[PDB]
Amino acid sequence: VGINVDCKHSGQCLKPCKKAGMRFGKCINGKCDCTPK
């Protein structure tokens, strides 16, 4: 998992990853890696 976005922080990973198809979201190596359903 993990979407094609650019995080300044993990908090902004929620929305785009939720739209992507996952539940939450964390900032990693510039990516928003999340946990799905």
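Residues numbered from 1 in each chain as written, not as in the entry; some residues may be left out. Heavy atoms only, no water.

(A) Here's a closer look at the state of the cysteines. On inspection of all chains with the given rule, the structure shows three disulfides. Here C13 connects covalently by a disulfide to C32, the sulfurs 2.0 Å from one another. Sign of the S-S torsion, about -65° for the bond between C13 and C32, identifies this disulfide as left-handed. Residue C13 is located in the segment before α1 (14-20), and its partner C32 is located in strand β2 (residues 32-33); the two are separated by 19 residues in the primary sequence. Accessibility assignment for this pair places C13 and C32 in one class, buried. Note on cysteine connectivity: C17 is disulfide-linked to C34, with sulfurs 2.0 Å apart. Because the torsion about its S-S bond is 120°, the bridge between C17 and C34 counts as right-handed. Placement of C17 in helix α1 and of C34 in the segment after β2 is noted, with a sequence separation of 17 residues between them. By sequence-ordered numbering of the bonded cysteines, the protein has its disulfides arranged as 1-4, 2-5, 3-6. (Disulfide = S-S within 2.5 Å. Helix = DSSP H or I, 4+ residues; strand = E, 2+ residues; numbered from the N terminus. Buried < 20%, exposed > 50% of the residue type's maximum accessible area, 1.4 Å probe, protein only.)

(B) Region of interest: the environment of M22. Along the polypeptide, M22 turns up in the loop between α1 and β1 (26-27). Considered as a pair, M22 and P36 are 14 residues apart in the sequence and their alpha carbons are 4.0 Å apart. Residues in contact with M22, not counting those within four places in the same chain, are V1, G2, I3, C17, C34, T35 and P36. (Contact = heavy atoms within 4.5 Å.)

(C) The arrangement of the UniProt feature "disulfide bond" in the protein in detail. Formation of the UniProt disulfide linking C13 with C32 is confirmed by an inter-sulfur distance of 2.0 Å, under the 2.5 Å limit. For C13, a relative accessible area of 0% translates into the label buried. Relative accessible area serves as the criterion here: at 0%, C32 is assigned to the buried category. UniProt's annotated cystine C17-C34 is reproduced in these coordinates, with an S-S distance of 2.0 Å, under 2.5 Å. (UniProt positions renumbered as here; feature names shortened; annotations may be inferred.)

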